[PDB]
């Protein structure tokens, strides 16, 4: 009597214009440099939208 | 002057071998010295000024 979803995707209807994580990764003097010292950004950026 | 420090990610697995690790506070210093020594000189001939 249990219903479980298989291979569900967190980004179901999400249309990503750009990869913010990738942009933060490759940012040498860019405007994303304010997030470089952040440690758990690689965990916040994935589940911060709900 | 003393500055801010970076954030470290929580890791209990490696928190067992580096409990007594060290991390310097990252301070800075400046020095100032004495650099002006001057004088003003004047003369007065009162007897010949009469």
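Take the residues of region A:11-31 that are touching a helix residue (DSSP H, G or I) at 6+ places or on another chain (Cβ under 7 Å) and touching a residue at least 12 places away in the same chain (Cβ under 8 Å): which is farthest from the other protein chains (Cβ to nearest Cβ)?
Only one residue tops the list, namely A:20.
Mind listing just one residue for me: the one in region A:35-47 that is in a loop (DSSP other than H, G, I, E, B) and closer than 16 Å to residue A:22 by Cβ and, of those, nearest to the other protein chains (Cβ to nearest Cβ)?
Filtering region A:35-47 for residues that are in a loop (DSSP other than H, G, I, E, B) and closer than 16 Å to residue A:22 by Cβ, the one nearest to the other protein chains (Cβ to nearest Cβ) comes out as A:38.
For region B:1-47, give me the residue count where each residue is within 14 Å of another protein chain (Cβ to nearest Cβ) and farther than 22 Å from residue A:38 by Cβ.
Counting residues in region B:1-47 that are within 14 Å of another protein chain (Cβ to nearest Cβ) and farther than 22 Å from residue A:38 by Cβ gives 0.
Condition check ((1) touching a strand residue (DSSP E or B) at 6+ places or on another chain (Cβ under 9 Å); (2) surrounded by 10 or more Cβ atoms within 10 Å (Cβ to Cβ); (3) under 24 Å from residue B:11 (Cβ atoms)) across all residues:
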| position | (1), (2), (3) |
| --- | --- |
| A:2 | no, no, no |
| A:32 | no, yes, no |
| A:39 | no, yes, yes |
| A:45 | no, yes, yes |
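Of the numbered conditions (1) more than 10 Å from the chain's Cα centre (by Cα); (2) surrounded by 10 or more Cβ atoms within 10 Å (Cβ to Cβ), residue A:17 satisfies every one except a single condition; which is it?
Here residue A:17 clears every test but (2).
Would you mind stating whether residue A:49 is under 11 Å from the mean Cα position of the chain (by Cα) and surrounded by 10 or more Cβ atoms within 10 Å (Cβ to Cβ)?
no
Could you check region A:20-30 and list, in sequence order, the residues that are closer than 20 Å to residue A:49 by Cα and exposed (fewer than 11 other Cβ atoms within 10 Å of the Cβ)?
Hit for region A:20-30 is A:22, nothing else.
All Cβ positions, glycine included, derive from the backbone under ideal geometry; neighbour counts span all protein chains shown. Just so you know, all these numbers are worked out from the coordinates, no wet-lab data involved.
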